[PDB]
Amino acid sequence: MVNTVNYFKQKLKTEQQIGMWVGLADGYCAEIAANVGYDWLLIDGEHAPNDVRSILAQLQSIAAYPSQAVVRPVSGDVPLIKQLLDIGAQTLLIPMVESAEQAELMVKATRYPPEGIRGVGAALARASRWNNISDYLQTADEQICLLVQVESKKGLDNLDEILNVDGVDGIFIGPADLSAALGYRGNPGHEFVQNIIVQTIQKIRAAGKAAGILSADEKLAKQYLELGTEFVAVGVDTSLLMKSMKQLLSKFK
């Protein structure tokens, strides 16, 4: 077998990819989302009740479908990053990255030694299909994609330094964390926050990195797409399930 090509990673340079957040934390729900036709699905190990085993079940569900899987670990934890890569996650989204030093550690965490620090266990890994991908250890690094989140004042304070890290493929802006950090918790739509988001997207792209964001606000999402944002998540499964059931009930009260 050849290593699974990371099309998400290639398309960061060629198109704008539309994403759906997957926080229902279940292989069955992940498969439902996989049928819709999103460019990428974000399996959330930070804000949904997921662990390595439940994320593996969702990777296995999604794998039959063209949607690219991206996984968010709970934090930039080197050993957890090792575990998620070995179950076969090819694109990681690291929350709350706040320095070039931390971003560089995340780059190494995703790459085999001697250049990186990713632990080696290809005989045991779905990532290598248990060495049925016979050249995995040679071809793995080329298909790994690292995305880091800037979503704090310290992240913004180190933005130019993070953008100079070779191996950071994309910077994703987190409006919920960033608006709370700025003292506008629950209110990212305020002009003070949105002007910082727009300037941040412009700086990310000017440095030759892919920019990303999540917004369930259709008008904001379309504005970010108009600015050239490369990876835009446009909703969340938990939110769509709740809202669709509420809207239906309201027709009957």
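When you see a residue number, it is the position in the sequence shown, counting from 1.
Higher average CA B factor: 131-139, of the stretches 131-139 and 113-121. Checked against the record, the higher mean CA B factor of 65-73 and 202-210 lies with 202-210. Across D51, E218, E31, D44, the entry's maximum B-factor at the CA atom is seen for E218. Per the PDB record, residue ranking by Cα B-factor puts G167 in the highest third of the chain. In this PDB entry, the Cα temperature factor of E230 sits in the middle third of its chain's modelled residues. The entry lists a Cα temperature factor for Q60 that places it in the lowest third of the chain's modelled residues. Remark: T238 belongs to the lowest third of its chain, ranked by C-alpha B-factor as recorded.
Remark: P175 belongs to the middle third of its chain, ranked by C-alpha B-factor as recorded.
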